[PDB]
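First the structure, in the form of structure tokens, and then the observations on it.
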Amino acid sequence: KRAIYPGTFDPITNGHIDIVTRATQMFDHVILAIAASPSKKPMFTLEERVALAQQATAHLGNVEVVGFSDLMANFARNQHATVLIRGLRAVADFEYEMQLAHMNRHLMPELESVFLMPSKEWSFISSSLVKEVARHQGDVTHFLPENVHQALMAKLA
Amino acid sequence: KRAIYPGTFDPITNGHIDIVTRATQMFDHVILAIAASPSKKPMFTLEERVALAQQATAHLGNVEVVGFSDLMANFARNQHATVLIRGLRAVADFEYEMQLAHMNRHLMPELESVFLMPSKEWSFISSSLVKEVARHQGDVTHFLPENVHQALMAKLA
Amino acid sequence: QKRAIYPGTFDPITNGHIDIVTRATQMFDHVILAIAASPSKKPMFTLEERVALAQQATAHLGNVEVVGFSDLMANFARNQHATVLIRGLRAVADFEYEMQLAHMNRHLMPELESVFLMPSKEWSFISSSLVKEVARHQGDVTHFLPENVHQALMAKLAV
Amino acid sequence: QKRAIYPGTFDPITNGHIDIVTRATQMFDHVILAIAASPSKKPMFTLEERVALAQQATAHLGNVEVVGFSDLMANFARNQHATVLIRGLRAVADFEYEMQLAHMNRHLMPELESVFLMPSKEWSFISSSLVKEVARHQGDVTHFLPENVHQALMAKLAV
Amino acid sequence: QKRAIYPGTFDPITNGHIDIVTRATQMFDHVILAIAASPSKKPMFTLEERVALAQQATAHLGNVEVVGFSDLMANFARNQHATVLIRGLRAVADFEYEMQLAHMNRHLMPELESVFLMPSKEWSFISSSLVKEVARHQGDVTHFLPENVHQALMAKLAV
Amino acid sequence: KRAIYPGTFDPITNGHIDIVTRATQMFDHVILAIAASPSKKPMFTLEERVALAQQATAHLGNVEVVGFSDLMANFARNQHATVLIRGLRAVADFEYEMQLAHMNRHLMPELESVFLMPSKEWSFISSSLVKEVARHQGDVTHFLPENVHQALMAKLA
Ligand SMILES: COc1ccccc1[C@H](N)CNc1cc(C)nc2nc(N[C@H](CC#N)c3cccc(Cl)c3)nn12
Ligand SMILES: COc1ccccc1[C@H](N)CNc1cc(C)nc2nc(N[C@H](CC#N)c3cccc(Cl)c3)nn12
Ligand SMILES: COc1ccccc1[C@H](N)CNc1cc(C)nc2nc(N[C@H](CC#N)c3cccc(Cl)c3)nn12
Ligand SMILES: COc1ccccc1[C@H](N)CNc1cc(C)nc2nc(N[C@H](CC#N)c3cccc(Cl)c3)nn12
Ligand SMILES: COc1ccccc1[C@H](N)CNc1cc(C)nc2nc(N[C@H](CC#N)c3cccc(Cl)c3)nn12
Ligand SMILES: COc1ccccc1[C@H](N)CNc1cc(C)nc2nc(N[C@H](CC#N)c3cccc(Cl)c3)nn12
């Protein structure tokens, strides 16, 4: 059983690590798929986000980190994944995820959308909040893998 | 009885067609009003959106398609419309629509805001989602009138 | 020509309901304020009391008729030759319930249109249930009710 | 190898539940459709009826077993050697309740994963409660139920 | 000088309530933890038990007094010379109910301010109702309760 | 007891006045803190927003208006404020405020986040809605202090 976990991951946080870790305990192979996501004008390049997520997930033996610009339902099919994973935190995410799941079902009905809820520890954070706290000299070491915190400090310096 | 259904309609989808069709069964005359909406930086010009909505609603004999840049409550008064129609899909739309309706009531208390819910078929789509799926080579023929799908493919080509 | 029903429990009818039915009278030639005879939740006021209160409170509106009903609200609309069913929307909890109700009514009677109206900001944070509970705890609810309803609620709570 | 439980009241099982359990069968080797013996709210159908209806309605799915349970759903998953607990998500009210349920199940059994599936748009606005109430008010609910459930609900309401 | 009331059913008081009342003690000179004598929903614990549990659980906080009340919470605040009414906010369902409650309390007592506090993430997914139901189904709830409450809940469920 | 009420206040509305007025009745000293907030690309400069909020709150003897670009939890500590006030209107605000409060608690656990609900009169407005209504020649005199309405008309002229 193969699952894909697609997202912008700009940068990957402990909330994303929590989700991908739970996914590795349920599936034989997990593809952590990083979208180029130019409409979000990311802080980190796609190559930087892939290297960061690779170093942050290296302790999980069945995780493969890749980048993509394709329609996520096509990319799942190309990874031979029958499950597409998304984390669920808040009501805003839930409404967006319902639209995304129904569209993905229309495009690839054999691809199952599965939702996981992160630890309470990460239920009130996002990459966007973390970046803004760090932009204002707020400490975010608790929310990010060590290598990601280093890269975020380096990018803002 | 005259109603106006104002929106960006960038582009008009089957969800909007569903709403305007239900409106034609309740009112003698429906004005489908397309806002120039420059703050949304639309994909299609106002002239293109009016021509698209005109061709998509031509089978409804009591629909008139017009463009506007005015305050929507003034534009309703100018069309001699006593009803302003808006579609309701999700919680996010509902909160926004509550603010819009209360402001419109403050500006024109004799203008009644009326809400319609689209078919379940269109309850998980928006113009923005459709455009992004199409931008990533995803098929959206099911969500749009034929002429609109043609124009969207032509614009992205 | 255009006929609409406005169904509910109205236990009792509040100024929020009056606001909704008044706006409906400006849009439709005839409005039937439809009172649920037997909701699953036992009402404080009997059907006869709820109908009498709603009639007195809407007597100034010439195109409203108050009628009791025990059937499917979609069947009641059809029997009343009403092609529009009106519901008021106040909050997110109302919205989710109204979405289920509207999609079900559409499956039952696809020719019946559900329309939603929003009440004044004045009545957007009240319900019949909140008003009854405040009055039971001896709180001032005069502002939220028609005069006759305020009289009936005081009399009911006194005994 | 991978085992999942899908717990609920299923009073009665609807096409929304069938949709969820069918999708779960495509992801897991074995799925236990787990029926709550004694919910706090008295069910319309007894446990024996709910189990018989769910069995007949899932008989075409080879890797589903229908089982009644009265314990903590997290304890039931562990006793069934299931490391995944499935729940369907339809609306915002479901989401808030499911968040409380999932965080509690994680405190009780941290090795048990809660997974969420979304049903077809066709079943996203129904519930067993809405379907029962529509049928009690003599409304057509055939579209929302497996054939055997539609037969059982008609028979129950007739008497 | 500044006095606040923190009203609720507290059936029983949880670590979520302790979190809220502790934060209130840091902001106000005197905090009255106000326990509802007769809620519409019958409590598991009697008023005497809920007051005794809340007193023992807040005994380390020097500026808290636990008091039972049966009146309008806005009237209770005024009689206690409290110009602030505290409520905890966890989720969207709490938010909608609290909005209705705050606007009503403002109509009843405009000089009374409603303030909202958010509990720790640790207690953001629990309620007294969830905790009681988990304990009734023999689940471990020790982490969510003060020691004395955990003792009282075990004793109540044993008989 | 000292409280801070931080925000963009672009411009300050009657909803914000309502909140700061309620805060003055609970605390000995209230600091109304205006964030430079460049990510929101404000309509008014920080200096203009401070002068507007100063004139609009001059009748409240225990209000001090200041500007800031710092992390709001640090700025609260620097004002010797132990309470950070935020207004709550809708579900969208509530979810955002929950994330903000939990992050502020992580950064400054001794700083208490307190929420106030505005009058029903202001529960359906925002600075953004008011500006857009005014941009479309809609009258917004009811929603703003007199001096703010003058400055908004002057800026759009
Ligand atoms: C409910 O979703 C909405 C609602 C309103 C507007 C836009 C959206 C979506 N963000 C639109 N994008 C969709 C929709 C669907 C169904 N399939 C999609 N495939 C992609 N692929 C891109 C690849 C790149 N670069 C992408 C971008 C960001 C994140 C991801 Cl995980 C993937 N985007 N995409
Ligand atoms: C709840 O609404 C919010 C909340 C926060 C920020 C902004 C808004 C609104 N989008 C602000 N715009 C408002 C508010 C009101 C009351 N009347 C308005 N009349 C118009 N007319 C323009 C005409 C053009 N071009 C327009 C633009 C897009 C769509 C439409 Cl239908 C109309 N805009 N407009
Ligand atoms: C979204 O609604 C839910 C969700 C979950 C459970 C139950 C419900 C509904 N209250 C179930 N009842 C429905 C659904 C539908 C589609 N049509 C209905 N027609 C009636 N008619 C009765 C007549 C009487 N006495 C009634 C009862 C109370 C209020 C009214 Cl306005 C009308 N009830 N009814
Ligand atoms: C978020 O949930 C809330 C929120 C507020 C109050 C009550 C609840 C829950 N309904 C309380 N019950 C919980 C919570 C947890 C964590 N584990 C549970 N295991 C069970 N097992 C029973 C077995 C029986 N008969 C049951 C009852 C009804 C439905 C099901 Cl699927 C299972 N109940 N139960
Ligand atoms: C938004 O609230 C709703 C919405 C719908 C229905 C009912 C309610 C409320 N529970 C109705 N009750 C209200 C409203 C108001 C404004 N003031 C009130 N004062 C009280 N006092 C009693 C005293 C006793 N025993 C009480 C009961 C339970 C909990 C508490 Cl904290 C206090 N109740 N009460
Ligand atoms: C839930 O919050 C989210 C969620 C997603 C993305 C972004 C955010 C926040 N807007 C991120 N900003 C945060 C978070 C935190 C915890 N502390 C912060 N301190 C500041 N200071 C700036 C100073 C300036 N100029 C500011 C900007 C606008 C308004 C204010 Cl009141 C303050 N910003 N800031």
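Both ligands and their constituent atoms are indexed starting at 1 by order of listing. A, B, ... follow the sequence lines: proteins, then strands. Residue 1 opens every chain. The basis for the numbers below is simple: all heavy atoms, side chains too, and nothing from hydrogens, waters or symmetry mates.
Under the rule for a side chain to side chain contact (heavy atoms under 4.5 Å, CB included), the partners of D/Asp71 that lie at least two apart in sequence or sit in another chain are D/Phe69, D/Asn75, D/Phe76, D/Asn79.
Using a 4.0 Å cut-off between charged nitrogen and carboxylate oxygen, A/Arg86 and A/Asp93 do not count as a salt-bridge pair.
A side-chain contact (heavy atoms from CB on, under 4.5 Å) with A/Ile12 holds for exactly one of A/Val20, A/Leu32, A/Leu144; it is A/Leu32.
Contact residues of ligand 4 (protein heavy atom closer than 4.0 angstrom to a ligand atom; sorted by chain and number): D/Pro7, D/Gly8, D/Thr9, D/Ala36, D/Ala37, D/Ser38, D/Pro39, D/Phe69, D/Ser70, D/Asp71, D/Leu72, D/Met73, D/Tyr97, D/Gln100, D/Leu101, D/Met104, D/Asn105, E/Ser129, E/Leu130, E/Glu133, E/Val134, E/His137.
Classification of the A/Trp122-A/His142 ring pair by plane angle, with boundaries at 30° and 60°, yields tilted.
In this structure, CZ in E/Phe95 is found 11.5 Å from CD in D/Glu96, a value given to the nearest 0.5 Å.
Using a 4.5 Å heavy-atom threshold, the side chains of A/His102 and B/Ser123 count as separate.
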